[PDB]
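Student: Dumping the structure here so I can ask a few things about it.
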There are 2 protein chains.
Amino acid sequence: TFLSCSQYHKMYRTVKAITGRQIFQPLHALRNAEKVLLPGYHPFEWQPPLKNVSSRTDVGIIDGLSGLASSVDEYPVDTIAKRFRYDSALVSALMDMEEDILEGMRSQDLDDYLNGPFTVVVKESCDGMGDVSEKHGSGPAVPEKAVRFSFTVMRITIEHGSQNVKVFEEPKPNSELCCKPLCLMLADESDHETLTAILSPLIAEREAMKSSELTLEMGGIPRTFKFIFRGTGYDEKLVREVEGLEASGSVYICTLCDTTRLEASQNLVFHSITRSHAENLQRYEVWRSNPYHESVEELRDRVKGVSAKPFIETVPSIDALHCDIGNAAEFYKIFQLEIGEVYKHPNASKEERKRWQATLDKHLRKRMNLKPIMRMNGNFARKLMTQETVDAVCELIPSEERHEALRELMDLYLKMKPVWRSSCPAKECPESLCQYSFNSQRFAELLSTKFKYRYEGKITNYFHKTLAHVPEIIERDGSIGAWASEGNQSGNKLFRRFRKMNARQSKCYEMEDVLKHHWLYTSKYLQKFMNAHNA
Amino acid sequence: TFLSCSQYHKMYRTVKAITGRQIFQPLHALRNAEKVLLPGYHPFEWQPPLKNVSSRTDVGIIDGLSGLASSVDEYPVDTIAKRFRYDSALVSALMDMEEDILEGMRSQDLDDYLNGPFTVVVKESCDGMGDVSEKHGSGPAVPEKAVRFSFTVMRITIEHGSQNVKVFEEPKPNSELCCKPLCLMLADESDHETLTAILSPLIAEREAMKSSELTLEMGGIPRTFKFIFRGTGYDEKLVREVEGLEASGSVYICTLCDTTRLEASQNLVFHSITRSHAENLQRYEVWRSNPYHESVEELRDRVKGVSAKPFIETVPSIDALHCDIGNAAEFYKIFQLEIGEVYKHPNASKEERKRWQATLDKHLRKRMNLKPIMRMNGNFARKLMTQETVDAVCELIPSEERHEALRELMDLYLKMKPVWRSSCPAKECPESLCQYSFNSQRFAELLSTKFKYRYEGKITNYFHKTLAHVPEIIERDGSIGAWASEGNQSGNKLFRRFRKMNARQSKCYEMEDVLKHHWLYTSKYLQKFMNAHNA
DNA sequence: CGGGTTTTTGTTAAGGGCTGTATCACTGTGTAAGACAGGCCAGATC
DNA sequence: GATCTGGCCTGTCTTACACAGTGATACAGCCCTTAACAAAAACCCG
DNA sequence: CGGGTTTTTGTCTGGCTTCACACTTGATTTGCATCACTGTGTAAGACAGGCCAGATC
DNA sequence: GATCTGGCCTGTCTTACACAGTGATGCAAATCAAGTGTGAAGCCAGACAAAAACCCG
Ligand SMILES: [Ca+2]
Ligand SMILES: [Ca+2]
Ligand SMILES: [Ca+2]
Ligand SMILES: [Ca+2]
Ligand SMILES: [Zn+2]
Ligand SMILES: [Zn+2]
């Protein structure tokens, strides 16, 4: 309930004074009871020991700069960052769901006196949250950004007998309160130097603890764990910045295959995900050495766009949220243009377009109760992509050809959305799952012909993604929308709320408190209570 | 505790689910007990019936605009305003403190079943609190102001037998929890037209209920109330504007007497109070009519600087908060002046001055660690009026005579301050009061002799108020601290809080809700619970 | 009113774990009108 | 054209406009053992 | 391993309490669901035409 | 002088960067208002007699 400290004291003391009894507990008896949910309280043993990692088990908050020498003689740094160690945070994530994993193995008809080598499957995400300042006193504010690195326990399993049996899955994967924060900093997502400085220790630990066994007593017997990390919450901009690729508006578009933007337009859907991470490392090495002595052009053509040392590891996937939003904006543009009726007469001035936009806005508002926006909301997208909107727009297009065109377009888009939309299309919507190939293919066919006036050259990349990489990702990784960033993006409001109402205003502790509160919020043994009214 | 209407529901359902038996009441049963405290719930009748005031007893939150016709053909008015009536607010303010007045009646050895002609003393106040907006869209350069008109009950007195008795007195008058709001609006405090248009009905009701009696049952049997209204919580700018004088830069300074600065600076302290409200009004009349057929330059002098129609009967008296802050900044500037020792070499330019300021601020931050601030706050003002800091600056400054000429002046100021800083100095410091004559005339003589290089012409206003009036205003009214605006001012913060934790986002309920919550907060039948742990 | 019951009352003392307020370090900014006073001056008038 | 101004331009000086709220830390009471000596309003038959 | 020796059991009839279980039909609290409303144009970066200033022939 | 070209300059298009939370109204479903006559249950009153952890063998 985002209460402060003094407020809680007021409520407690007055309840006690009135009703005689003592329902709520005092403060010190609350600190001494939260010290059991932050990291670095439990005992744990790595084996074999972790290279380059300390062995102590008393590591709570630690400084994000990781001991970066900051004097007037070196590269100036002026950021703030706080973080948990990876291993301690991970063991706390485990000891905050001991009860759930026990209930799981019980329901699955197993023995609780079992300490088989469970395998965890984690999801990692990192999205900037710029413009989180506010005016202090009475005046303006300064545009300072921020970045938060966080993960999510997603699927715990165990190989009993001969096959693996699933013991725990997340109910709502990309929810607002099951992405647990791990590090946060007041930096920018493009200040590559500072970003790498802060995220180098975390990636070092994440690589180190990938060939070991963690041991800790899990309610009685001691139990062992392996790990499998799958970084997916990265949006297109990040995944295109860190992993090594060039900027966003390149000629090489898809971060999974390697085809020129033009070449995507000729052949739409027959490609194959062909971009690992070690491949990016060796390609950057080729770019650096240049063993064949080619000019910059032929070189960049050979290495397929990569021109920087891949700094992090990231699996190739589709950020469902931004993908849907981009498709929606794409359809908005095609509606504007179709009001333009430019397929007959092209290349108008940059006033007819403004007129088309304004009349489209007024019309759709007065017919569907939709106020005009530019920064498109996901809600705005869901409200726009409705067959009713197509029917309301079709009056402003003269001919039946455009009628049937827009009709078929929206119909196929809504027959393809559920596949990459649901959280497990393997069972929840298998019909579109088995139709998706033919569906997307005919969609592409009528997109090339009926609209060649627009998609004859440049085709925006998200279309290529939605068209030629969704079936393979499905077959590879089960769900799609499960591994999305929306599980994190919603945390921005929590960040701002905490920073406003729970902090100490020192720019140094001022992140310890925010991170601690976020961790506490996102626990599970602490929500099993707030969900009590479900008897 | 500034909870919401849904967070409270969270707390309620979780407590009820955990401990079985409910400990917090539901929401509907909270609102049904909310109604019994908002104004407009009880019967009450006037004797004689108030002319121009309705007779109903079920008026809640009335639109402040007072049915102001706002059609494009008329004056464009766009502010928002909400209010109570005045009687329906006084009634509730009395009937919540029913128990606290009956207890006083008991303690003062009086037959409980008494229904004498009670008399209430009500202090009225008003002060603009601009810069309330927020750049929710992250776009700066958009200000907005607000105004709150509020009152306070301060003494309830009955005339038993031969004399009167203090059935009730206020513990801490100028605090933020015993000043009740009455109306509020979104308009610049100097937008004279809108201000009058909104505040006229209140003065109508106030002048109506000044020659009547309110009959109302008070704990069983009925009792009769009559009122007295003293308007005192007005800063300098308001009392200068609404009472109809020339602005603060005038040659005429004192809102209580009629003397020009170039005359009070010579006749130091022998004045009185001779500027009432009816005198002010008839003087505006003789201005407007101009019966003597005399030019403007001497007419202005004849009417002692009145040039507008005053529309609020307000009693004149020195404020406390702003007076102390003014004196503080005043002798801070005299410190900065004494750095340059300009008495020896005069007429320096405006760069030596900035250097003097920088030196003073740095020396003070090194010695007494007084932070640097542009807009002085009462905390700073108290921090700077110390013998320690004047001794530090005295050790910075070169010469010696300045040591006497500043330290003795400062200790005179400190010997003077409490008789007005206090809250009931009629008996708390009944010695400094009787010495105030000497204690102030010595200040006067020394400012006239060892500092006449500044105070030969222009003397600031507050240094005239403190000098000439307070030893008479004490005998006139009583306290000088209790009749101050510290209370309402402190309330300002609360506004913003409620505004973005309790509001329905309609710009027409965003003031209903704020007013209602502020009312509930500032009750007394509620704080009687939050003070349980004490008793 | 009172000596001795009638059921109690400090109290005051030797040290120790639990509670409940009082601090502690630490941050938010240079304005916006209005009145009066000289100084400069650029056309007014003899 | 000299000598005047009132018109304008600066050019200061006055009053307003935020420091109170956050988590952590630090002390002061405040119950807990016996224990005896004194102390104590309340009241009966004296 | 065992018999006999403890902390603690099955039931003996019976007399004095609380508690519920019915079925009675409306007068109420309590729990969710829903309602109207209220935030602004990018900001870096890749690529392509087209002038045109200035090199060449 | 004629002609190609590299550099500058716009101009276009790609990914990005904020809307859930506020009080209130309104149905809809459990809950109680006093009703009464019966279980029915329990409290065990020491006593008499057997069930499972422990000294003497
Ligand atoms: Ca992003
Ligand atoms: Ca984002
Ligand atoms: Ca003011
Ligand atoms: Ca104020
Ligand atoms: Zn691709
Ligand atoms: Zn005066």
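To be explicit about the labels: the chains of the structure tokens are called A, B, and onward in the order shown, and within each one the residues are counted from 1, while ligands get numbers from 1 in the order they are shown.
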Which neighbours of residue A:17 fall inside 7 Å, counting only C-alpha atoms (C1' of nucleotides), when residues of the same chain fewer than 4 positions from it are skipped, and could you give them as a ChimeraX atom specification?
Tutor: /A:13 /B:532-533
Student: Using only C-alpha atoms (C1' of nucleotides) and all ligand atoms, which residues of the polymer chains come no farther than 9 Å from ligand 5? I'd like the answer as a PyMOL selection string.
Tutor: chain A and resi 253-259+264+269+271-273+461-462+464-469
Student: Taking only C-alpha atoms (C1' of nucleotides) into account, which residues of chain F are within 8 Å of chain B, as a list in words?
Tutor: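 Applying the cut-off to the listed atoms yields residues 18, 22 and 23 of chain F.
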Student: Residues of chain F within 12 Å of ligand 2: nearest atom pair and distance (Å, one decimal) for each, counting only C-alpha atoms (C1' of nucleotides) and all ligand atoms, sorted by chain and number, as a tab-separated table?
Tutor:
```
residue	atom	partner	partner_atom_place_in_ligand_line	distance
F:15	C1'	ligand 2	1 (Ca)	11.8
F:16	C1'	ligand 2	1 (Ca)	8.4
F:17	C1'	ligand 2	1 (Ca)	7.4
F:18	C1'	ligand 2	1 (Ca)	10.1
```
Student: The selected residues should be written to file as a CSV table (one decimal), in the first residue's frame (atoms: N, CA, C and O atoms (P, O5', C5', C4', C3', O3' and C1' of nucleotides)).
Tutor:
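And here's out-v5.csv as it stands now:
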```
chain,number,residue,atom,x,y,z
F,15,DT,P,10.2,0.3,-37.7
F,15,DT,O5',11.0,0.6,-36.3
F,15,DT,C5',11.9,-0.4,-35.8
F,15,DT,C4',12.8,0.2,-34.7
F,15,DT,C3',12.0,0.6,-33.5
F,15,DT,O3',12.0,-0.5,-32.6
F,15,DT,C1',13.4,2.4,-34.1
F,16,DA,P,11.1,-0.4,-31.2
F,16,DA,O5',12.0,0.5,-30.3
F,16,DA,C5',11.4,1.4,-29.3
F,16,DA,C4',12.2,2.6,-29.1
F,16,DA,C3',11.6,3.6,-28.1
F,16,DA,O3',12.1,3.3,-26.8
F,16,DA,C1',12.4,4.7,-30.1
F,17,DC,P,11.1,2.7,-25.7
F,17,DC,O5',10.5,4.1,-25.1
F,17,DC,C5',11.2,4.8,-24.1
F,17,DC,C4',11.2,6.3,-24.3
F,17,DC,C3',9.9,7.0,-23.8
F,17,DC,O3',10.1,7.4,-22.5
F,17,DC,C1',10.6,7.8,-26.0
F,18,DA,P,9.0,7.1,-21.4
F,18,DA,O5',7.6,7.1,-22.3
F,18,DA,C5',6.5,6.3,-21.9
F,18,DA,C4',5.5,7.0,-21.1
F,18,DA,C3',4.2,6.4,-20.7
F,18,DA,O3',4.2,5.3,-19.7
F,18,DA,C1',3.8,8.6,-21.1
```
Student: At a cut-off of 6 Å and counting only C-alpha atoms (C1' of nucleotides) and all ligand atoms, what residues surround ligand 3? Please answer as number ranges by chain.
Tutor: B: 127-128, 235; D: 16
